[PDB]
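Chain by chain, the residues run as shown.
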Amino acid sequence: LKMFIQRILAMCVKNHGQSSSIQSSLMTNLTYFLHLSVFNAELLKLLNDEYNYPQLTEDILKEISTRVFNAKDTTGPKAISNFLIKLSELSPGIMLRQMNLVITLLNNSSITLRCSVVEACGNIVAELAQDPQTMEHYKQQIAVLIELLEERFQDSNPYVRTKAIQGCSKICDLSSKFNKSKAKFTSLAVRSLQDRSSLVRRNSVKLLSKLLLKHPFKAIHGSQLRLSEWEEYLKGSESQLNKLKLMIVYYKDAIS
Amino acid sequence: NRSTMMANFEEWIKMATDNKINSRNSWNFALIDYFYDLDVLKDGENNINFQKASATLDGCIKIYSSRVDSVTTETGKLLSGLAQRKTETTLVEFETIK
Amino acid sequence: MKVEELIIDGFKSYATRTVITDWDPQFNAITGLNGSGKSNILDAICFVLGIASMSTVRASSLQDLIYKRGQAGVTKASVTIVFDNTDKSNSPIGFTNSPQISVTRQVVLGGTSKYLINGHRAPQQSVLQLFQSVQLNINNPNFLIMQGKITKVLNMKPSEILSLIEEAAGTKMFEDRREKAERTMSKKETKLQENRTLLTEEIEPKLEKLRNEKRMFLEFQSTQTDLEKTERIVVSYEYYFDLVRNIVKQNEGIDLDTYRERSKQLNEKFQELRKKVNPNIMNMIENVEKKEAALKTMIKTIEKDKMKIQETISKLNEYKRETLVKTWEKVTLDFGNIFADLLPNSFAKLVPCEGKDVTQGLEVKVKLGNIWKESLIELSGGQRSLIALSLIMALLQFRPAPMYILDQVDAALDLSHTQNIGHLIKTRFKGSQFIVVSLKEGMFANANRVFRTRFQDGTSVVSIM
Ligand SMILES: [Mg+2]
């Protein structure tokens, strides 16, 4: 019944029918009831992959981005939270087009929407890792999100910091690019290794273990990472330098 | 049947005492309409058994508080959906966190 | 609920797992030298039954109950008690099919306590409701006379002497729940009143603005039909391949310039009403109308709910008052007879206060001979001990609690009344398990079980003497 309702609504939006009416009814589903968020994300995914009409997803992200929440509305934040999490999990390429409007919610006082959009940036960078459409189609929209995840290590409530560290730790698994950012993630993790909450500290230990198991210094010597041997490797630059000076820079960043 | 009456009484009371009358399991309960007529509280003689009267009053107050919590959340949702007609930094420095 | 085993782990003077067995169901008596740990056994029983005010357990905190404040290796303090249930008449509700009931309270450092029944965890309201059913309430007791508080039962305010009779009748568990119910109903009432004024100020104004733009939307939809008729006719007449001929031969000879300016004057109203009203306002007004109707139905049901709860507690107060009077007459009669049997040529009665009602408080009045004592401050410590003991045994004669804990009720009685109290607990007042701490031999020499307590090597031991 769920896929039948999804296909009826998708046929209504795509070929013939008001996208505004279905859009406002989806927003009322996100407003009043907290269980229909996964249904909304799956309907927009069915629009994004089969009927290739992605304007409704951008319109939903627009109208979510400009929304004011009542002080006693403990439901709408959670519905938009699970909706943005599931839409980052399901359709990240269509969600990347309006993320500069989506991340406006990072100054809303609700903790749940901040953790939602931080996990959305983490999942939206972590899925755009398969190579031949990522590093040239969207290059600065992914870099501003990497920098945004770096800045969210300093939020007031520690759950947003925990979601930032978890998004950074799921970024560091798949590495076909952005190997410059791993050193900054290491620096942010060893800075945040002594915070106030135990949760952000524990997740920073997990992030350091994740980036230590997959350090990019492979295919030379067996990757055992001693400061003595790599310092003698850098001391060999007198025998090397004074075309392969990138190996000297390699040894310096590994020493750091 | 009165067997269903006492059975619904006992399952509502045991749902009340382990604290699971939330904002959603409230409106499908009728413990108030078993509290009003005192036929379940009167045990043995005409005297009121105050043990189950106290347990029933605690469950009734749980149902009432969860119902006013439910109307609070419903007015919040309606106020949000009607206040959407109208169509600066949370980051702190690292001294506050260390 | 006769106690059969008491297991104390890491409590005040008890550093090891001490298990006290061989409890006789009639009369147990704890003895020992000073500083041995008898009142700490009674403090362990009070702690496993649940305390709020820690001055009756003699601590300023909860980590002050662990051995050497938990800074001597025993970082936990757990108390286990085992009750026998061969007599199902004094059994609590739901636990009839278990011949043994174990209750344990644990406290570790830093945090607070946690309870477990029969191995399985439970919150504090479950064990408090378990022990408030066989009237073993520690927070307002009618069975616990702690050390040095036997000559001070008659110093009590009339609300407490009323509360003892109230606990004997069975309505104290209704009284505290009724006061909590009135407080919770007042707090939810001011929350609901804030919600009602928010509904009156913030919802129905926006609802009538929504109705205004609804009727303007019906006007805009009339102009919508005007566009999709007239502009379609217009673009058909400037398009002139046979369907356009068929829709030309119904309106042959329409003037071009007037139709063009009519299209322009329709589109200017269209670009006004496009930014005036949203085109999906009908489903929106249906949604908020259903929400407002369900909201008002909920508020009416909440108000009728409060009316039903208030009328039910007002109806239960009358049966509470009648059973309070019926308890008070029998209890004051047995009070007078037990005090006449303990101290000869004497009498004592429980009387409502001067001018007020029985349900406002009670006062003890004492007759020694044929003269009535106007104030009971002129009585000795032994006579006040006998009046307090006779009141507790009158409450036993009404409805016997299973466990009567007495911490040195014989410290002001002489050598005749101590032996008479021991004999009257052994012979007359059968039907309860008495845990008495004494140092006078005339009380624990009329005992059925005697536990010595001793201090050795830094800890305390309990030996079945
Ligand atoms: Mg003592």
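cryo-EM is the method the PDB entry states for this structure, with the resolution given as 3.46 Å.

**Student:** Looking at this structure, how should I read the layout of surface pockets?
**Tutor:** Rolled over the atoms, a probe as big as a water molecule pinpoints where empty space is left. Of the pockets and cavities examined, the largest pocket occupies roughly 1500 Å³. What lines the largest pocket is a set of 42 residues, among which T17 and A55 of chain B together with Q125, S126 and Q129 of chain C lie closest to the centre. Listing elements by their share of the lining of the largest pocket, those giving two or more residues are α1 (2-17) and α3 (50-83) of chain B together with α2 (124-131) and α4 (172-202) of chain C. Residue classes in the lining of the largest pocket are distributed as twelve nonpolar, 17 polar and 13 charged.

**Student:** Quick question: what am I supposed to make of the interface of chain C and chain A here?
**Tutor:** Interface size is often expressed as the accessible area that is lost when the parts come together. In this complex, chain C contributes seven residues to the contact, which on the side of chain A involves seven residues. Broken down residue by residue, the surface that chain C buries against chain A is led by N280, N287 and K291 of chain C, which jointly contribute 59%. Seen at the junction of chain C and chain A, the total is one salt bridge. The partner of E194 of chain C in a salt bridge is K72 of chain A, and the shortest N-O contact between them spans 3.8 Å.

**Student:** Any chance you could explain the pattern of salt bridges here in plain terms?
**Tutor:** Between side chains of opposite charge, a pair can form as their charged atoms come close. Inspection of every chain in the model, using the stated rule, returns 31 salt bridges over all chains. The closest approach of N and O atoms between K275 of chain C and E272 of chain C, which form a salt bridge, is 3.6 Å. Highlighted residues: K275 of chain C and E272 of chain C, both in helix α7 (residues 256-276), separated by three residues, approximately one helical turn. Given the relative accessible area of 63%, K275 of chain C is considered exposed. Given a relative accessible area of 29%, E272 of chain C falls into the partly exposed group. Here the residues in one salt-bridge network are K72 of chain A together with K191 and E194 of chain C, joined through shared partners.

**Student:** Looking at this structure, I do not really get the coordination of the magnesium ion. What am I missing?
**Tutor:** Octahedral metal centres with six donors ideally show angles of 90 or 180 degrees, and tetrahedral centres with four donors ideally show 109.5 degrees. Residues and elements named next belong to chain C. Within the protein, the atoms that donate to the magnesium ion are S39 (OG) and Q147 (OE1), at distances of 2.1 Å. A residue pair is termed long-range when its members are at least 10 positions apart, and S39 in helix α1 (residues 38-49) and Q147 in the loop between β8 (144-145) and α3 (158-169) qualify at 108 residues. Residue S39 is classed as buried on the basis of its relative accessible area of 11%.

**Student:** Even after reading the chapter, I still don't get empty space enclosed by the protein, so can you show me in this structure?
**Tutor:** The volume enclosed by the largest cavity comes to roughly 50 Å³. If you go around the largest cavity, the residues you meet are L30, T31, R67, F69, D73, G76 and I80 of chain A together with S80 of chain B. If you list the elements that add at least two residues to the lining of the largest cavity, you get α2 (19-32) and α5 (76-90) of chain A. Within the lining of the largest cavity, the residues separate by chemical class into three nonpolar, three polar and two charged.

**Student:** Help me understand the sheet that holds strand β7 (residues 120-122) of chain C, please; the structure alone is not making it clear to me.
**Tutor:** Strand-to-strand pairing in sheets goes through backbone hydrogen bonds, with the strands running parallel or antiparallel. Residue and element names in this part refer to chain C. Read across the open sheet, the six strands follow the order β2-β1-β4-β5-β6-β7; overall the sheet is antiparallel. Each of the sheet's edge strands pairs with one partner strand only, and the pair in question is β2 (17-20) and β7. Sheet twist, expressed as the mean angle between neighbouring strand axes with direction ignored, is 20°. Note that strand β4 (residues 76-84) and strand β5 (residues 100-108) share nine bridges and pair antiparallel. Bridge pairing links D84 to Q100 in β5.

**Student:** Just checking my understanding: could you explain the packing of aromatic side chains for this structure?
**Tutor:** What describes a pair of aromatic rings is the distance from one ring centre to the other and the angle between the planes of the rings. Within the structure shown, the criterion is met by 20 aromatic pairs over all chains. Plain terms: the ring middles of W230 of chain A and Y251 of chain A are 5.5 Å apart, the flat faces sit at 80° to each other, and that makes the pair edge-to-face. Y251 of chain A sits in the buried class, given a relative accessible area of 9%. Consider the rings of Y404 of chain C and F434 of chain C, whose centres lie 5.6 Å apart with planes at 20°: the pair is stacked. A residue pair is termed long-range when its members are at least 10 positions apart, and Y404 of chain C in strand β11 (residues 403-407) and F434 of chain C in strand β12 (residues 433-437) qualify at 30 residues. Taking the ring centre of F94 of chain B as reference, the NZ or CZ of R191 of chain A above it sits at 5.0 Å. The positively charged end of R262 of chain C is found above the aromatic ring belonging to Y259 of chain C, 4.4 Å away from the centroid.

Rules and cut-offs
- Residues numbered from 1 in each chain as written, not as in the entry; some residues may be left out.
- Chains lettered and ligands numbered in written order.
- Part of a larger assembly, values for the part shown.
- Heavy atoms only, no water.
- Residues with missing side-chain atoms left out of burial classes, pairs and counts.
- 1 Å grid on protein atoms, 1.4 Å probe; cavity = no way out; pocket = protein on both sides within 12 Å on 5 of 7 lines; lining within 4 Å.
- Points joined across faces, edges and corners; volume = space filled by probe spheres on them.
- Helix = DSSP H or I, 4+ residues; strand = E, 2+ residues; numbered from the N terminus.
- Nonpolar A, V, L, I, M, F, W, Y, C, P; charged D, E, K, R; others polar.
- Contact = heavy atoms within 4.5 Å.
- Buried area = accessible area lost by both parts, 1.4 Å probe.
- Salt bridge = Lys/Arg side-chain N within 4 Å of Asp/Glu carboxyl O.
- Buried < 20%, exposed > 50% of the residue type's maximum accessible area, 1.4 Å probe, protein only.
- Donors = N, O, S within 2.8 Å, 3.2 Å for Na, K, Ca; no water.
- Pairing = 2+ DSSP bridges.
- Axes fitted to C-alpha atoms, helices over the stretch in contact; angles between N-to-C directions.
- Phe/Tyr/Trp six-rings, centres within 6.5 Å; stacked < 30°, edge-to-face > 60°.
- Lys NZ or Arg CZ within 6 Å of the ring centre and 35° of its normal.

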